[PDB]
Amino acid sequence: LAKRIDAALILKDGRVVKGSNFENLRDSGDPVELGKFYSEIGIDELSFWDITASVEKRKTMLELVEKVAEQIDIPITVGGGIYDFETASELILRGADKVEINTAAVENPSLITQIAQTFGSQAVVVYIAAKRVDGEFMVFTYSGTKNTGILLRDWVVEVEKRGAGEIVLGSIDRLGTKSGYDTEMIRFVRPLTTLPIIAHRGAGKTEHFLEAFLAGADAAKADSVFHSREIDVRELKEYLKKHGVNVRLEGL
């Protein structure tokens, strides 16, 4: 089974938040240059996650996408406060391959279907932020701060039913940690959906990616661990290929 390695860039005001340690780049915190550089060294897909809280949010995300679409030739996902079909449509028409939704999907699951009905399920990504609460995995919205009371197991099933193309499974229990992906969470979700599962949060070293794929993840997404160069993308892919993981190195 083919496995995907994704890099995610957190953005604010058109800049990579907390930047990156790639001194070779003209601008360590330029999302476009960093994204191009990742696409050239072996990343399979890019996520651009906006946390801009300004009145300029829509215009900027749209500006960024159009620029990114020029320079970058691997799949692009945009996410972060995308709340309705018209916003999602604008971003896709401007060049995003996939749009990622979360809080708006949870509150209005019809939105998944609206996007999928026009652009295809493959254009739709649902980010599910989950956390253990009193012995059960629960869904959290608004940047991980609202306990919805919705069970992870129920929401995964509804997400597929509504027409989502893939699920990013972010463990709030691994937020900021470097101990490993939440493989218990990934194993919990795996039998519940036929969609691709993208693991997010907890990655600290190359072996963690192997564990995530053994747990049934189809893809593994990371951010700071890459930007900080704690893990080198090419080294990661060589490692995974060495131990029998079907990763794409057939690049050039």
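Each residue number is its position in the shown sequence, starting from 1.
Engineer: Please compare 155 to 163 with 170 to 178 and say which has the higher mean C-alpha temperature factor in the record.
Structural biologist: 170 to 178 has the higher mean C-alpha B-factor.
Engineer: Please work out which of 212 to 220 and 28 to 36 has the higher mean CA B-factor as recorded in the PDB entry.
Structural biologist: Looking at the recorded C-alpha B-factors, 28 to 36 comes out higher on average.
Engineer: Among 67, 190, 200, 205, which carries the highest Cα B-factor?
Structural biologist: The record points to 67.
Engineer: Highest recorded C-alpha temperature factor, please, choosing from 120, 149, 144, 81.
Structural biologist: Reading the PDB entry, the winner on C-alpha B-factor is 81.
Engineer: When the deposited Cα B-factors of this chain's modelled residues are ordered and cut into thirds, is residue 184 in the lowest, the middle or the highest one?
Structural biologist: According to the entry, residue 184 has a C-alpha B-factor in the chain's lowest third.
Engineer: Place residue 71 in the lowest, middle or highest third of its chain's C-alpha B-factors, as listed in the PDB entry.
Structural biologist: As the PDB entry reports it, the C-alpha B-factor of residue 71 lands in the highest third of its chain.
Engineer: What third of the chain does residue 231 rank in for C-alpha temperature factor, lowest, middle or highest?
Structural biologist: Lowest third - that is where residue 231 ends up once the chain's C-alpha B-factors are sorted.
Engineer: Quick check on the deposited entry: does the C-alpha B-factor of residue 138 sit in the lowest, middle or highest third of its chain?
Structural biologist: Within its chain, residue 138 is a middle-third residue by C-alpha B-factor, going by the deposited values.
Engineer: State the tercile, meaning the lowest, middle or highest third, of residue 116 with respect to the CA B-factors recorded for its chain.
Structural biologist: As the PDB entry reports it, the C-alpha B-factor of residue 116 lands in the lowest third of its chain.
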